[PDB]
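Just the one chain here, the form deposited in one PDB entry, laid out as structure tokens.
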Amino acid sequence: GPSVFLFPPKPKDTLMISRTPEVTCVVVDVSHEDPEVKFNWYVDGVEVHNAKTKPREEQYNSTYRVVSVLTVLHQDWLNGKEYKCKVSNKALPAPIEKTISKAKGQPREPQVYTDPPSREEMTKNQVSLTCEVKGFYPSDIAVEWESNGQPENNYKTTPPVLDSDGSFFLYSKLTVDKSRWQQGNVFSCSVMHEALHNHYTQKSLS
């Protein structure tokens, strides 16, 4: 019969109050004989009624796919509230229930350190600026680079790695030509994480 998938908000949407985090409940393999789909949403077991369900959409494999979106409150998600999607369909023996929440566990604030290019690499035409983020929990995190208000997008970040103390770490490598680095330009590593003050911090390098 039908199958339900429940997806969390985009991590960056949970960390910036300016943005609207949403949870998305997707039902696939809805038949033509049983096309009616009913969604019920609960927040910590309390039924809520402000969800937005889109009209069914027929797929190329002859099934219907229907989606329901519930906006979530910034503080609710961060405070660990649980979001239950309940899907009812005539072709089902009983309704399907899916629950989702923010990654659970005691939060731990990242420590952010920047490291300049080593001497050996300062013989190359391009040098690595490194941002070390360690000791954070949970693993949800965003890292960007900037200089003079404008973003520096020639960077790559490792996934979070589980450390031996149960927290996470990662590294972010921004590559700039010596041209800008030897002029003394300030480059900034920006880190977003729930456990930071305002979920934000930045460390500069020069």
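Numbers for residues come from their place in the sequence shown, where the first is 1.
Omitted here: the form solved in complex with a partner chain. The next part is about that form.
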Partner proximity in the deposited complex: residue 45 to its partner chain, non-hydrogen atom cutoff 4.5 Å: no
Contact flag, residue 90 vs its partner chain in the deposited complex, heavy atom cut 4.5 Å: no
4.5 Å heavy atom contact, residue 140 and its partner chain in the deposited complex: no
Contact label in the deposited complex: residue 25 to its partner chain, heavy atom within 4.5 Å: no
16, 151 and 199 each touching its partner chain in the deposited complex (heavy atom, 4.5 Å): yes
